[PDB]
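Visitor: Below you'll find the structure I mean.
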Amino acid sequence: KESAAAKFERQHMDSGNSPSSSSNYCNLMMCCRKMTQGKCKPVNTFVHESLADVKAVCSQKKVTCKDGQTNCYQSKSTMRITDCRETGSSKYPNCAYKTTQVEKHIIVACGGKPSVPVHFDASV
């Protein structure tokens, strides 16, 4: 199976099922992922929208990343990002996230050959 971009997709681009119990949804995702091991990731801005959209975005408007090496692209469109932030009475090991869904622009880091989405640079 593909890695890097599929790996990114799995880790971040969670175009999952209809939203319900958003806290639990996201807690479940990252708990299952286990990136909470030892230290709890402070925020994860899971893009809850179609991979085709994100790929299109990956070849929309390139912007100069805060690297001058990574080639990252803004989405002309806005899209539902799920900013899960460790706030829902977060107390290690009881890491519990406040699942903020919000619809705004994403900044995807494109890479590989062909140019595929490999990291989440930011959003605005």
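Every number here is computed from the coordinates shown, using simple stated rules; none is lab data. Here the Cβ positions follow ideal geometry from the backbone for every residue, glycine too, while neighbour counts run over all protein chains shown.
Visitor: About its Cα centre, what dipole magnitude does region 1-68 give when the only charges are +1 on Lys and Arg Cβ and -1 on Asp and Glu Cβ, stated in debye to the nearest 20?
Guide: For region 1-68, the charge dipole is close to 280 debye.
Visitor: If you take the beta carbon distance between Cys31 and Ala122 as r and set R0 to 25 Å, what does 1/(1 + (r/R0)^6) give as a FRET efficiency, to the nearest 0.05?
Guide: FRET efficiency, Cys31 to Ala122: 0.50.
Visitor: Continuing with the same structure: Do any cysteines in the chain lack another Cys Cβ under 4.7 Å, and if so which?
Guide: Here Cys31, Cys32 come out as lacking a disulfide-compatible partner, given the Cβ-Cβ threshold of under 4.7 Å.
Visitor: Can you tell me the 0 to 90 degree angle between the C-alpha axis of helix 22-33 and the longest principal axis of the chain, rounded to 10?
Guide: The angle comes out at about 80 degrees.
Visitor: Now for a different question. Report, in whole Å, the centroid distance computed from the Cα atoms of region 1-29 and region 56-71.
Guide: Using only Cα atoms, the two centres lie 23 Å from each other.
Visitor: In square nanometres, what is one fourth of the surface area of the convex hull spanned by the alpha carbons of the chain?
Guide: 8.0
Visitor: Moving to a separate point now. In what sequence, highest mean first, do 3-15, 26-38 appear when ranked by Cβ atoms within 10 angstrom?
Guide: Order by mean packing, descending: 3-15, 26-38.
Visitor: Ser18 to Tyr92: FRET efficiency via 1/(1 + (r/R0)^6), r the Cβ-Cβ distance, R0 41 Å, to the nearest 0.05?
Guide: Efficiency, rounded to the nearest 0.05: 0.85.
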